[PDB]
$ cat start-v2.cif   # mmCIF, C-alpha atoms and all ligand atoms
data_query
#
loop_
_atom_site.group_PDB
_atom_site.id
_atom_site.type_symbol
_atom_site.label_atom_id
_atom_site.label_comp_id
_atom_site.auth_asym_id
_atom_site.auth_seq_id
_atom_site.Cartn_x
_atom_site.Cartn_y
_atom_site.Cartn_z
ATOM 1 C CA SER A 1 3.385 9.778 -2.059
ATOM 2 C CA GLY A 2 0.885 8.848 0.723
ATOM 3 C CA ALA A 3 0.335 7.010 4.034
ATOM 4 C CA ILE A 4 -2.358 5.344 6.152
ATOM 5 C CA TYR A 5 -2.920 6.744 9.734
ATOM 6 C CA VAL A 6 -4.618 4.158 12.059
ATOM 7 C CA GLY A 7 -4.283 4.300 15.881
ATOM 8 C CA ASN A 8 -0.718 5.255 16.739
ATOM 9 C CA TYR A 9 0.623 3.676 13.465
ATOM 10 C CA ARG A 10 1.759 5.195 10.156
ATOM 11 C CA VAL A 11 1.756 2.843 7.093
ATOM 12 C CA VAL A 12 3.953 3.808 4.088
ATOM 13 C CA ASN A 13 5.643 2.248 1.000
ATOM 14 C CA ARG A 14 8.891 0.730 2.421
ATOM 15 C CA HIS A 15 10.746 2.445 -0.539
ATOM 16 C CA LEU A 16 9.410 5.918 0.570
ATOM 17 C CA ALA A 17 9.916 5.521 4.386
ATOM 18 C CA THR A 18 11.771 8.425 6.211
ATOM 19 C CA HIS A 19 14.601 8.555 8.828
ATOM 20 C CA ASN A 20 11.878 9.075 11.506
ATOM 21 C CA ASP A 21 9.935 6.017 10.255
ATOM 22 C CA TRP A 22 13.076 3.732 10.468
ATOM 23 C CA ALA A 23 13.986 5.232 13.946
ATOM 24 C CA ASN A 24 10.361 4.557 15.108
ATOM 25 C CA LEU A 25 9.958 1.238 13.170
ATOM 26 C CA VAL A 26 7.253 -1.197 14.371
ATOM 27 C CA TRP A 27 7.341 -3.649 11.440
ATOM 28 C CA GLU A 28 8.604 -3.821 7.818
ATOM 29 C CA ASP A 29 8.586 -6.455 5.027
ATOM 30 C CA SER A 30 10.750 -5.770 1.891
ATOM 31 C CA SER A 31 8.875 -8.556 0.005
ATOM 32 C CA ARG A 32 5.563 -6.617 0.577
ATOM 33 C CA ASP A 33 7.034 -3.061 0.074
ATOM 34 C CA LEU A 34 5.490 -2.026 3.505
ATOM 35 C CA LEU A 35 6.750 -0.239 6.588
ATOM 36 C CA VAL A 36 4.832 0.687 9.743
ATOM 37 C CA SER A 37 6.173 3.354 12.180
ATOM 38 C CA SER A 38 4.837 4.702 15.566
ATOM 39 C CA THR A 39 3.079 8.148 15.695
ATOM 40 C CA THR A 40 2.530 10.659 18.603
ATOM 41 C CA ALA A 41 -1.019 11.651 17.386
ATOM 42 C CA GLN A 42 -4.014 9.224 16.904
ATOM 43 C CA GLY A 43 -4.967 8.574 13.197
ATOM 44 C CA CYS A 44 -8.508 8.512 11.762
ATOM 45 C CA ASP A 45 -8.268 5.824 8.965
ATOM 46 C CA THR A 46 -10.143 2.468 9.397
ATOM 47 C CA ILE A 47 -8.551 -0.713 7.886
ATOM 48 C CA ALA A 48 -11.018 -2.870 5.847
ATOM 49 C CA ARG A 49 -11.450 -6.455 7.221
ATOM 50 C CA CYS A 50 -12.990 -8.203 4.160
ATOM 51 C CA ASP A 51 -12.263 -10.009 0.817
ATOM 52 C CA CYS A 52 -13.712 -7.185 -1.447
ATOM 53 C CA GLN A 53 -12.290 -7.230 -5.033
ATOM 54 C CA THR A 54 -13.930 -3.880 -6.036
ATOM 55 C CA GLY A 55 -12.992 -0.400 -4.753
ATOM 56 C CA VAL A 56 -11.750 3.130 -5.591
ATOM 57 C CA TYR A 57 -8.106 4.298 -5.685
ATOM 58 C CA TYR A 58 -6.536 7.772 -5.880
ATOM 59 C CA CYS A 59 -4.204 8.370 -8.883
ATOM 60 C CA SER A 60 -2.078 11.526 -8.156
ATOM 61 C CA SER A 61 -0.778 11.590 -11.825
ATOM 62 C CA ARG A 62 -4.417 12.157 -13.080
ATOM 63 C CA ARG A 63 -5.777 13.961 -9.915
ATOM 64 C CA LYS A 64 -8.610 11.337 -10.185
ATOM 65 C CA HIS A 65 -10.323 8.601 -8.091
ATOM 66 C CA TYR A 66 -10.899 5.502 -10.301
ATOM 67 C CA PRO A 67 -13.348 2.676 -9.570
ATOM 68 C CA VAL A 68 -11.420 -0.626 -10.083
ATOM 69 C CA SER A 69 -11.717 -4.438 -9.923
ATOM 70 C CA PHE A 70 -8.534 -5.966 -8.406
ATOM 71 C CA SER A 71 -7.128 -9.509 -7.891
ATOM 72 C CA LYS A 72 -6.851 -11.153 -4.426
ATOM 73 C CA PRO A 73 -3.453 -10.575 -2.707
ATOM 74 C CA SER A 74 -0.865 -12.878 -4.393
ATOM 75 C CA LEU A 75 2.829 -13.483 -5.239
ATOM 76 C CA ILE A 76 3.307 -11.363 -8.447
ATOM 77 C CA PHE A 77 6.557 -10.996 -10.519
ATOM 78 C CA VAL A 78 7.375 -7.209 -10.631
ATOM 79 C CA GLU A 79 9.887 -5.759 -13.150
ATOM 80 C CA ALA A 80 13.049 -3.970 -11.825
ATOM 81 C CA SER A 81 12.536 -0.316 -10.675
ATOM 82 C CA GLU A 82 14.917 2.315 -9.204
ATOM 83 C CA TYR A 83 13.808 0.918 -5.732
ATOM 84 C CA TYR A 84 13.915 -2.949 -6.190
ATOM 85 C CA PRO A 85 15.433 -5.487 -8.612
ATOM 86 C CA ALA A 86 13.022 -7.682 -10.654
ATOM 87 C CA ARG A 87 11.449 -10.026 -8.035
ATOM 88 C CA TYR A 88 8.316 -11.649 -6.567
ATOM 89 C CA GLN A 89 6.359 -9.161 -4.444
ATOM 90 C CA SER A 90 3.966 -10.836 -1.922
ATOM 91 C CA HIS A 91 0.421 -9.740 -0.825
ATOM 92 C CA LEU A 92 0.056 -7.692 -4.082
ATOM 93 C CA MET A 93 -3.283 -6.974 -5.819
ATOM 94 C CA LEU A 94 -3.436 -5.874 -9.533
ATOM 95 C CA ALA A 95 -6.047 -3.811 -11.459
ATOM 96 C CA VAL A 96 -6.224 -2.292 -14.941
ATOM 97 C CA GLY A 97 -5.427 1.365 -14.312
ATOM 98 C CA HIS A 98 -2.881 4.215 -14.419
ATOM 99 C CA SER A 99 0.246 4.133 -12.162
ATOM 100 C CA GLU A 100 3.335 6.313 -12.889
ATOM 101 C CA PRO A 101 6.216 7.805 -10.832
ATOM 102 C CA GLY A 102 4.639 9.780 -7.897
ATOM 103 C CA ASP A 103 1.495 7.499 -7.711
ATOM 104 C CA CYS A 104 2.886 5.192 -4.928
ATOM 105 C CA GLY A 105 1.089 5.769 -1.598
ATOM 106 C CA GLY A 106 -2.349 6.416 -3.235
ATOM 107 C CA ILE A 107 -5.017 4.709 -1.138
ATOM 108 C CA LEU A 108 -7.309 1.905 -2.381
ATOM 109 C CA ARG A 109 -10.612 1.828 -0.374
ATOM 110 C CA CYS A 110 -13.775 -0.313 -0.398
ATOM 111 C CA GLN A 111 -17.087 0.095 1.573
ATOM 112 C CA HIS A 112 -15.249 -1.372 4.661
ATOM 113 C CA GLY A 113 -12.308 1.141 4.711
ATOM 114 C CA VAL A 114 -8.639 1.124 3.600
ATOM 115 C CA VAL A 115 -7.607 -1.927 1.547
ATOM 116 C CA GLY A 116 -4.014 -0.993 0.588
ATOM 117 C CA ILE A 117 -1.621 1.513 -1.100
ATOM 118 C CA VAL A 118 -0.268 1.847 -4.649
ATOM 119 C CA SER A 119 3.070 -0.021 -4.827
ATOM 120 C CA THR A 120 3.692 -0.991 -8.505
ATOM 121 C CA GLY A 121 2.687 0.046 -12.033
ATOM 122 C CA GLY A 122 3.350 0.002 -15.801
ATOM 123 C CA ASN A 123 1.936 -1.714 -18.901
ATOM 124 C CA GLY A 124 -1.509 -0.257 -18.067
ATOM 125 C CA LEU A 125 -1.715 -2.030 -14.627
ATOM 126 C CA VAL A 126 -1.610 -0.692 -11.050
ATOM 127 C CA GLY A 127 -0.464 -2.835 -8.122
ATOM 128 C CA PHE A 128 -1.568 -2.266 -4.508
ATOM 129 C CA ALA A 129 0.131 -3.616 -1.305
ATOM 130 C CA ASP A 130 -2.695 -5.203 0.785
ATOM 131 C CA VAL A 131 -2.939 -4.210 4.497
ATOM 132 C CA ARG A 132 -6.216 -6.073 5.373
ATOM 133 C CA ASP A 133 -4.365 -9.111 6.893
ATOM 134 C CA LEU A 134 -2.448 -6.835 9.411
ATOM 135 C CA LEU A 135 -5.003 -7.212 12.250
ATOM 136 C CA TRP A 136 -2.573 -5.768 14.843
ATOM 137 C CA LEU A 137 -2.955 -2.297 13.130
ATOM 138 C CA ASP A 138 -6.387 -2.168 15.002
ATOM 139 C CA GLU A 139 -4.783 -2.340 18.522
ATOM 140 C CA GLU A 140 -1.813 -1.585 20.871
HETATM 141 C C1 LIG B 201 8.376 0.265 -6.656
HETATM 142 O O1 LIG B 201 7.955 1.613 -6.884
HETATM 143 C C2 LIG B 201 7.284 1.893 -8.051
HETATM 144 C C3 LIG B 201 7.226 1.053 -9.165
HETATM 145 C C4 LIG B 201 6.463 1.403 -10.268
HETATM 146 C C5 LIG B 201 5.775 2.605 -10.273
HETATM 147 CL CL1 LIG B 201 4.849 3.050 -11.671
HETATM 148 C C6 LIG B 201 5.849 3.469 -9.184
HETATM 149 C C7 LIG B 201 6.609 3.134 -8.053
HETATM 150 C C8 LIG B 201 6.578 4.260 -7.168
HETATM 151 O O2 LIG B 201 7.231 4.364 -6.215
HETATM 152 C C9 LIG B 201 5.708 5.314 -7.797
HETATM 153 O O3 LIG B 201 5.366 6.394 -7.269
HETATM 154 N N1 LIG B 201 5.332 4.745 -9.015
HETATM 155 ZN ZN ZN B 202 -14.324 -4.464 1.782
#

$ encode --input "start-v2.cif" --output "structure tokens"
Amino acid sequence: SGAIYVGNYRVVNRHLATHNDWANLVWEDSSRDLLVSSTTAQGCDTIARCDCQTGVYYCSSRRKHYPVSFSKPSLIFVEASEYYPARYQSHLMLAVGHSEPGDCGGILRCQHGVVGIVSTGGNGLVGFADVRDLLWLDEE
């Protein structure tokens, strides 16, 4: 589990979004596994605005923060899960690393701030949904 809190926005895995998130929906994309909802309280996270391909992510299944090299956001074939059929997920970044059930929502960060959230895993890889292209998270 996990979310990003920036301005009056909450960013979660679409597949983990709550009743309150869907009621207070700003924006969602099934193909990216993202949902953004409105919040009452101001958040403290900063979104990275960069093309960094190195960072640190939190892995809840190991209680550890791993330094990683990750691919640029791309269309990536993702095997069927309990949440989606086998499909192309867009704006996805891959790294060699641990990702198991309960790891989705872990934050990936670089020197500039939040890059994205754990969205996929298996076969010794971890996939992260990029948020750096969502410039509107910084305003309104
Ligand atoms: C599409 O959702 C997933 C696919 C693969 C893996 Cl390992 C996952 C998830 C999660 O939600 C999670 O916590 N671990
Ligand atoms: Zn960066």

$ residues_near_ligand --input "start-v2.cif" --ligand "ligand LIG 201 (chain B)" --cutoff "12 Å" --atoms "only C-alpha atoms and all ligand atoms" --output "PyMOL selection string"
chain A and resi 1-2+12-17+30-34+59-61+78-89+92+97-106+117-129

$ closest_atom_pairs --input "start-v2.cif" --of "stretch 30-131 of chain A" --to "stretch 21-26 of chain A" --cutoff "7 Å" --atoms "only C-alpha atoms" --output "Markdown table"
| residue | atom | partner | partner_atom | distance |
| --- | --- | --- | --- | --- |
| A:36 | CA | A:26 | CA | 5.6 |
| A:37 | CA | A:25 | CA | 4.4 |
| A:38 | CA | A:24 | CA | 5.5 |

$ resolve_selection --input "start-v2.cif" --expression "the PyMOL selection byres (((chain A and resi 55) around 6) and not hetatm)" --output "PyMOL selection string"
chain A and resi 54+56+67-68+109-110

$ residues_near_ligand --input "start-v2.cif" --ligand "ligand ZN 202 (chain B)" --cutoff "8 Å" --atoms "all atoms listed in the file" --output "VMD selection string"
chain A and resid 48 to 55 109 to 113 115

$ closest_residue --input "start-v2.cif" --among "A:107, A:41, A:35, A:96" --to "residue A:65" --atoms "all atoms listed in the file"
A:107

$ closest_residue --input "start-v2.cif" --among "A:6, A:140, A:132, A:108" --to "residue A:46" --atoms "only C-alpha atoms"
A:6

$ resolve_selection --input "start-v2.cif" --expression "the PyMOL selection byres (((chain A and resi 139) around 12) and not hetatm)" --output "ChimeraX atom specification"
/A:6-9,42,46-47,134-138,140

$ atom_distance --input "start-v2.cif" --atom1 "atom CA of residue A:69" --atom2 "atom CA of residue A:57"
10.4 Å

$ closest_residue --input "start-v2.cif" --among "A:94, A:3, A:114, A:76" --to "residue A:18" --atoms "all atoms listed in the file"
A:3

$ atom_distance --input "start-v2.cif" --atom1 "atom CA of residue A:74" --atom2 "atom CA of residue A:130"
9.4 Å

$ closest_residue --input "start-v2.cif" --among "A:44, A:93, A:11, A:4" --to "residue A:75" --atoms "only C-alpha atoms"
A:93

$ atom_distance --input "start-v2.cif" --atom1 "atom CA of residue A:90" --atom2 "atom CA of residue A:20"
25.3 Å

$ closest_residue --input "start-v2.cif" --among "A:131, A:77, A:95, A:10" --to "residue A:43" --atoms "only C-alpha atoms"
A:10

$ decode --input "start-v2.cif" --residues "stretch 13-34 of chain A" --atoms "N, CA and C atoms" --output "short mmCIF file (atom, residue, chain, number, x, y, z; two decimals), in the first residue's frame"
data_model
loop_
_atom_site.label_atom_id
_atom_site.label_comp_id
_atom_site.auth_asym_id
_atom_site.auth_seq_id
_atom_site.Cartn_x
_atom_site.Cartn_y
_atom_site.Cartn_z
N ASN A 13 -2.31 3.80 -6.57
CA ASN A 13 -2.57 2.71 -7.56
C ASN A 13 -4.07 2.70 -7.86
N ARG A 14 -4.47 2.80 -9.14
CA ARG A 14 -5.91 2.71 -9.48
C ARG A 14 -6.51 1.46 -8.81
N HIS A 15 -5.81 0.32 -8.83
CA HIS A 15 -6.35 -0.98 -8.31
C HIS A 15 -6.47 -0.95 -6.78
N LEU A 16 -5.96 0.05 -6.08
CA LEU A 16 -6.08 0.12 -4.59
C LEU A 16 -6.92 1.34 -4.19
N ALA A 17 -7.50 2.10 -5.12
CA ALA A 17 -8.27 3.31 -4.80
C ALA A 17 -9.49 2.97 -3.94
N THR A 18 -9.90 3.87 -3.02
CA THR A 18 -11.07 3.67 -2.11
C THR A 18 -12.34 4.34 -2.66
N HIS A 19 -13.47 4.03 -2.02
CA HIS A 19 -14.79 4.68 -2.26
C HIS A 19 -14.63 6.20 -2.28
N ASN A 20 -13.92 6.74 -1.28
CA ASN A 20 -13.72 8.20 -1.11
C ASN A 20 -12.91 8.72 -2.29
N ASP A 21 -11.86 8.01 -2.71
CA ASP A 21 -11.09 8.40 -3.90
C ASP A 21 -11.99 8.50 -5.15
N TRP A 22 -12.79 7.50 -5.44
CA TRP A 22 -13.69 7.48 -6.64
C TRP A 22 -14.76 8.59 -6.54
N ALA A 23 -15.34 8.81 -5.35
CA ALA A 23 -16.28 9.93 -5.07
C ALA A 23 -15.61 11.27 -5.37
N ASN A 24 -14.33 11.41 -5.00
CA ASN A 24 -13.57 12.68 -5.06
C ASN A 24 -12.53 12.62 -6.19
N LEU A 25 -12.84 11.87 -7.25
CA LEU A 25 -11.94 11.62 -8.39
C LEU A 25 -11.63 12.94 -9.08
N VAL A 26 -10.35 13.15 -9.37
CA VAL A 26 -9.86 14.24 -10.26
C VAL A 26 -9.57 13.63 -11.64
N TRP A 27 -8.86 12.50 -11.66
CA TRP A 27 -8.29 11.96 -12.90
C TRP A 27 -7.89 10.52 -12.64
N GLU A 28 -8.14 9.64 -13.61
CA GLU A 28 -7.68 8.22 -13.53
C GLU A 28 -7.42 7.68 -14.94
N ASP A 29 -6.45 6.78 -15.05
CA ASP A 29 -6.07 6.13 -16.32
C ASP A 29 -5.81 4.65 -16.00
N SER A 30 -6.68 3.76 -16.47
CA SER A 30 -6.57 2.30 -16.22
C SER A 30 -5.28 1.78 -16.85
N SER A 31 -4.92 2.31 -18.03
CA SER A 31 -3.73 1.87 -18.79
C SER A 31 -2.46 2.25 -18.02
N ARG A 32 -2.51 3.21 -17.09
CA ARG A 32 -1.32 3.61 -16.30
C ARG A 32 -1.40 3.07 -14.88
N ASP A 33 -2.53 2.44 -14.49
CA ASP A 33 -2.77 2.01 -13.08
C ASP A 33 -2.71 3.20 -12.10
N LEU A 34 -3.16 4.42 -12.49
CA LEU A 34 -3.13 5.58 -11.56
C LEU A 34 -4.55 6.10 -11.33
#
